[PDB]
Protein chains: 2
Amino acid sequence: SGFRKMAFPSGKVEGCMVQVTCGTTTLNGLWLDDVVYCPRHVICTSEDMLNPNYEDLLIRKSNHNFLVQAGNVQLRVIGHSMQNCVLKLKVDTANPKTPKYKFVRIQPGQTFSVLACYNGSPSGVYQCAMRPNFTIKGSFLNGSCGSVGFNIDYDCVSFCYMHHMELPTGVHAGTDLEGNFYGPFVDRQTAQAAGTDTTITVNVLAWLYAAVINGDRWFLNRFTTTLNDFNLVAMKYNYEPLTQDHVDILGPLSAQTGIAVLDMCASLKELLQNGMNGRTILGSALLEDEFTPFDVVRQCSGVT
Amino acid sequence: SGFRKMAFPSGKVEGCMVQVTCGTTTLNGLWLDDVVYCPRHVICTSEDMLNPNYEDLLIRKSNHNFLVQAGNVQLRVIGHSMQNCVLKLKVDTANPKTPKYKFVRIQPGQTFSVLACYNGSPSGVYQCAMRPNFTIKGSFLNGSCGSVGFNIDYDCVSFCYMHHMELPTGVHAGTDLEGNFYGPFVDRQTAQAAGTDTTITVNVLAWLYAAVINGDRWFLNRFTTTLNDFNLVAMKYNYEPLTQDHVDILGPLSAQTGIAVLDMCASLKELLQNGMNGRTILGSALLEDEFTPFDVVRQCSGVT
Ligand SMILES: Cc1ccncc1-n1ccn(-c2cccc(Cl)c2)c1=O
Ligand SMILES: Cc1ccncc1-n1ccn(-c2cccc(Cl)c2)c1=O
């Protein structure tokens, strides 16, 4: 019993972190096999931050200008290339600690763990969701660029995020491991609209099922609703519209608890319309949307 | 910017986790040097759970009855001893992945990371506080016993907790690494009073400083208070009395923000008396007490 915002064990990712320095900028890199991946803005100086011409900036750099250090040992760079917003530095040594891994592009509403790093050294690990507007609400300071987000399925690490930027609003933006930004963002020091965010409805319902499993049940009521009626409420409260695909993904939780998905939607409708009345659910005084239905099943069943 | 409930990177601890089986019970062990530490209740069966005679139960076991497996490899047990509520199994091989470590007894109100494990395999990592009543509100299922809590200072892991029990109330209890329970608990399947808990005042103040540093400032007011006046409010709201020692530990945060500790106490007094009025602080709709002043400084300065 108990339900916590749990991150994946970070060990397999810690063994991939390196420091990358180019000129006067230092950030983190991810060393997998004989390639080090890092944000391309490592080649920038302050003057070329408002609108860097990355192609021109990279043309002034040679393999020997990319200083890559894995703890105390220096890696020899034998190639460099830019793919979208990431640099790929080919090194002469494959990382002996490379885990089984994949590069994935996650969907908005999905969750992942972040290993925050500075100077190639791990600082901490936390779980978060990719917002529907493709930003993340992380904890990142200057020097954290190149820190990565990931999920782990048994012995395989699926890398889904690399940190690049803090928007002027204090929220974070980054790319997949092929250097493609999530959302409309560009790697420039400019104000950029993130767009309307919404609450991840399917996740809030999953967390309400986690609450019932762990004994917080005060929010269960005598009511039911329909997808149409619930979606009118979701529209009013800036929640993502619930679809049959979301209802289907909540199937295992509905089967485990015996609470029909539309019945849980009626409880969520009442909490949206009436608030929590000074009460808490799983130690939270707001409706939590950073646990997917898969997260709830995993945590409630002890998957390792 | 951004503030998250961050856990320490778990890698150094993952390399110490082993599975321990005795008879029909399997739980986790911590392999440091040539010793494996695990909860002594691994030697129990269901019949002897209400009140086990651990001395008698252990007398029926020999070194060869303790099956210790580190991933796929079996460790040879050459000795066994019970120290308080923990068993120490001496093995013939020192763990090659033993980090620099210490065993510490943490104080109530201090925080630590937990690496939840099942069958010797890491499942997830989360940060929590040792409650003032010496319980933890964790996320643990059957099989998680032997999972440990720790802090990391550079390359040294300070192990402070080993999980033993879930009380009938769903909260958790465990020991230091010498097998001494935190709190009044005993390792028996019996209802046990945990005692009145309180909110960790110094931590809530630290988190309010973290909020101001990250831009959430709506709760700052034109008022001040005294330790005496604030403590009358803390008494009414079941908060720990604030002392000069707590004020002194908040010194760095008060210096960084320019907000006098008693001025922040006046903001906390107003939030206690008036509530949040439907607003949030660092994404929370309640007053958070799981960040120590040290945690706030570390996260706000990027310590690795
Ligand atoms: C200062 C900071 C804090 C947290 N995460 C990231 C940062 N951070 C460090 C550099 N950049 C940056 C901003 C815009 C464009 C480009 Cl190419 C880089 C940034 O946002
Ligand atoms: C079932 C469970 C779930 C989460 N954490 C722990 C457990 N859990 C597994 C065994 N015990 C136990 C209870 C009382 C006394 C003793 Cl010696 C052992 C327990 O509490």
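Values below: every heavy atom of this structure, side chains too, minus hydrogens, waters and symmetry copies. Naming: A, B, ... by sequence-line order, numbering from 1 per chain.
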Contact part of [X] toward chain A, heavy-atom cut-off under 4.5 Å: side chain, backbone, both or neither?
X	answer
B/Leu115	side chain
B/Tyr118	both
B/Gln127	backbone
B/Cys300	backbone

Less than 4.5 Å apart, side chain to side chain, heavy atoms only: is that true for B/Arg298 and A/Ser123?
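SC-SC contact between B/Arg298 and A/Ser123 ruled out.
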Using a strict cut-off of less than 4.0 Å between a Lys/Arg side-chain nitrogen and an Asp/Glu carboxylate oxygen, indicate whether B/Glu290 and A/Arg4 qualify as a salt bridge.
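Salt bridge present between B/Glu290 and A/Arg4.
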Check each of A/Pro122, A/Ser121, A/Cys117 against B/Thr304 using the side-chain contact (heavy atoms from CB on, under 4.5 Å) test, and report the only one that passes.
A/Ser121
Looking at [X] and [Y], what are the two nearest heavy atoms and their distance?
X	Y	value
A/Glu166	B/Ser1	OE2-OG, 2.6 Å
B/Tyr126	A/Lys5	CB-O, 4.1 Å
B/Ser10	A/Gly11	OG-N, 4.2 Å

Best-contacting candidate, [options], against chain A by heavy atom pairs under 4.5 angstrom:
options	result
B/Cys128, B/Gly15, B/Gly215, B/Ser144	B/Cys128
B/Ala285, B/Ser284, B/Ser301, B/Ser113	B/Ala285
B/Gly138, B/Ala116, B/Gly170, B/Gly278	B/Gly138

Just wondering, more than 12 heavy atoms not from A/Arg217 lying within 6.0 Å of its CZ?
no
Most contacts with chain B, counted as non-hydrogen pairs under 4.5 angstrom, among A/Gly124, A/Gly283, A/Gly302, A/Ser139:
A/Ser139
